[PDB]
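Chemist: Mind having a look at this structure? Questions to follow.
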Protein chains: 2
Amino acid sequence: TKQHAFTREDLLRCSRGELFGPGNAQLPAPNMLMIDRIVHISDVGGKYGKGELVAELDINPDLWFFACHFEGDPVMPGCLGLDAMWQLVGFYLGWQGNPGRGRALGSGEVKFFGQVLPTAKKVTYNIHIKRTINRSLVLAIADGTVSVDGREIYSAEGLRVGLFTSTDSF
Amino acid sequence: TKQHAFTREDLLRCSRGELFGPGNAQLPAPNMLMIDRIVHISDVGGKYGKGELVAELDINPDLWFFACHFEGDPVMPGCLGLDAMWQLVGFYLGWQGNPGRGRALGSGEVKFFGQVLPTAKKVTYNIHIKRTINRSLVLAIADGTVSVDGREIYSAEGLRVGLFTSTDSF
């Protein structure tokens, strides 16, 4: 929790289990990784005073999802922007020093009200940690937004991610 | 609204714009396509009497997402199972004969309470159309579940997809 920003290389290290250690939170590797960098992460501040993350994904026309989604009509899948938010909430839990593997548990409400085209430059994620619970399972609840070149386009309320150690199962 | 089941070849045709025609609903192509076949589609029946879809994805250990999500811990991304549901709701709107390009608009509550491992055989999607609205924009609201080998593992309430006869204002 000493470090407050992460490069792409740090995130790739995380995807190999080499940032938080084996059996702890892992980002997906490409092509499921939806984050290039984390520009801010903290356990204080944010909308609820319980922490926040700001992260970025650079957009270029050659990103793999543009070719297949959709043919003749390239647009970033909303589900992947949403997944970036789960990825970040999972990363937060690992970053705090909690053990166990990350699993997205769902969301309260998701809204898509804009799009990421291949001509965009940069997607930014803003995640506000609402609550962390440490009862039987460690979990985080958060709200998030996705913005493209300054403009808010997706929101999610009540994003939930849990950590599962060897003794707990799905 | 005449054909009630679709093969993978039909879905691939749909991803090329060749099922519903240019400018109308399109499934994503691989690797974003999350459906192998639609085993049932109808505009009557289902939980609300307004239609339903049953669709399937065959699972094998070589599906692309297993290698990157996660290294040493393969599991289907929940976001892609969720996307299968938006893909199916969009397909429903095209299948009804409505014009325009599909865009997922979001969801009410989403829950992940199980997982698809590479040792699973088959994922099944059950979608219940709740409402279709034709006032300003054509849209569908639906509930859905994802099951693996008989066992329910994901649910979504209030899935929303809209059709856009032009995407320039989204």
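How things are named: the first chain in the structure tokens is A, the next is B, and so on; residues count from 1 in each chain; ligands count from 1 in the order shown.
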How close is chain A to chain B in C-alpha RMSD after a least-squares fit, all Cα atoms in order?

Modeler: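 It comes to 0.8 Å after superposition.
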
Chemist: Please list as JSON, numbers by chain every residue within 9 Å of residue A:130, counting only C-alpha atoms and excluding residues in the same chain fewer than 4 positions away.

Modeler: {"A": [46, 47, 48, 49, 50, 51, 140, 141, 142, 143, 158]}

Chemist: Between atom CA of residue A:35 and atom CA of residue B:88, what is the distance, to one decimal in Å?

Modeler: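 Those two atoms sit 27.2 Å apart.
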
Chemist: Define the interface residues of chain A facing chain B as those within 6 Å, counting only C-alpha atoms, and report them as a ChimeraX atom specification.

Modeler: /A:28-29,68-70,79,83,105-112,114,170

Chemist: I need the residue nearest residue A:24 from this list: A:44, A:12, A:127, A:93. Use only C-alpha atoms for the distance.

Modeler: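 Under the stated criterion, the closest residue is A:93.
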
Chemist: From a DSSP pass on the backbone, collect the residues of stretch 78-145 of chain A flagged as helix (DSSP H, G or I) and hand them back as a list in words.

Modeler: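 Answer for stretch 78-145 of chain A, restricted to helix (DSSP H, G or I): residues 78, 79, 80, 81, 82, 83, 84, 85, 86, 87, 88, 89, 90, 91, 92, 93, 94 and 95 of chain A.
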
Chemist: Report as a short mmCIF file (atom, residue, chain, number, x, y, z; two decimals) with N, CA and C atoms, in the first residue's frame all protein, DNA and RNA residues lying within 12 Å of residue B:151, evaluated on only C-alpha atoms, omitting residues in the same chain fewer than 6 positions from it.

Modeler:
```
data_model
loop_
_atom_site.label_atom_id
_atom_site.label_comp_id
_atom_site.auth_asym_id
_atom_site.auth_seq_id
_atom_site.Cartn_x
_atom_site.Cartn_y
_atom_site.Cartn_z
N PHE B 113 -22.33 -16.21 -9.00
CA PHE B 113 -22.36 -17.11 -7.83
C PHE B 113 -21.91 -18.51 -8.21
N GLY B 114 -21.05 -18.58 -9.20
CA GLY B 114 -20.45 -19.83 -9.61
C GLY B 114 -19.48 -19.52 -10.73
N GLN B 115 -18.85 -20.55 -11.27
CA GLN B 115 -17.83 -20.32 -12.28
C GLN B 115 -17.86 -21.38 -13.36
N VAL B 116 -17.35 -21.00 -14.53
CA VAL B 116 -17.14 -21.94 -15.60
C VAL B 116 -15.65 -22.25 -15.66
N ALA B 120 -15.64 -27.89 -17.65
CA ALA B 120 -17.08 -27.88 -17.96
C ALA B 120 -17.36 -28.29 -19.41
N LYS B 121 -18.59 -28.70 -19.69
CA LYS B 121 -18.97 -29.14 -21.04
C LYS B 121 -19.79 -28.09 -21.79
N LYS B 122 -20.78 -27.50 -21.12
CA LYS B 122 -21.72 -26.62 -21.81
C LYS B 122 -22.35 -25.55 -20.92
N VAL B 123 -22.28 -24.31 -21.39
CA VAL B 123 -22.98 -23.19 -20.79
C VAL B 123 -24.31 -23.00 -21.50
N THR B 124 -25.38 -22.80 -20.73
CA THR B 124 -26.69 -22.51 -21.28
C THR B 124 -27.18 -21.17 -20.78
N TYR B 125 -27.73 -20.38 -21.70
CA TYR B 125 -28.32 -19.09 -21.39
C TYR B 125 -29.83 -19.17 -21.50
N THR B 145 -30.34 -15.74 -17.08
CA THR B 145 -29.46 -16.55 -16.26
C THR B 145 -28.46 -17.30 -17.13
#
```

Chemist: I'd like the neighbourhood of residue B:37 as a ChimeraX atom specification, where a residue qualifies if any of its atoms comes within 6 Å (using only C-alpha atoms), though same-chain residues fewer than 3 positions away should be ignored.

Modeler: /B:6-8,55-56

Chemist: Using only C-alpha atoms, which of B:58, B:97, B:40, B:53 sits nearest residue B:19?

Modeler: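 For residue B:19, the nearest of the given residues is B:97.
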
Chemist: Just list as a PyMOL selection string whatever in stretch 11-167 of chain B DSSP marks as strand (DSSP E or B).

Modeler: chain B and resi 37-42+52-58+101-107+110-112+122-133+138-148+151-164

Chemist: Which one is closest to residue B:128: B:165, B:42, B:76, B:95? Count only C-alpha atoms.

Modeler: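 Ranking B:165, B:42, B:76, B:95 by distance to residue B:128, first place goes to B:42.
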
Chemist: If we count only C-alpha atoms and set the cut-off at 12 Å, which residues sit around residue B:136, ignoring sequence neighbours fewer than 6 positions away in its own chain? Please answer as a list in words.

Modeler: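 Everything that qualifies: residues 162, 163, 164 and 165 of chain B.
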
Chemist: Compare B:148, B:59, B:91, B:100 by their minimum atom-to-atom distance to residue B:10, counting only C-alpha atoms, and give me the closest one.

Modeler: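 Of the candidates, the smallest distance to residue B:10 is held by B:91.
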
Chemist: Which distance in Å separates atom CA of residue A:92 and atom CA of residue A:41, to one decimal?

Modeler: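 Going from atom CA of residue A:92 over to atom CA of residue A:41 covers 7.8 Å.
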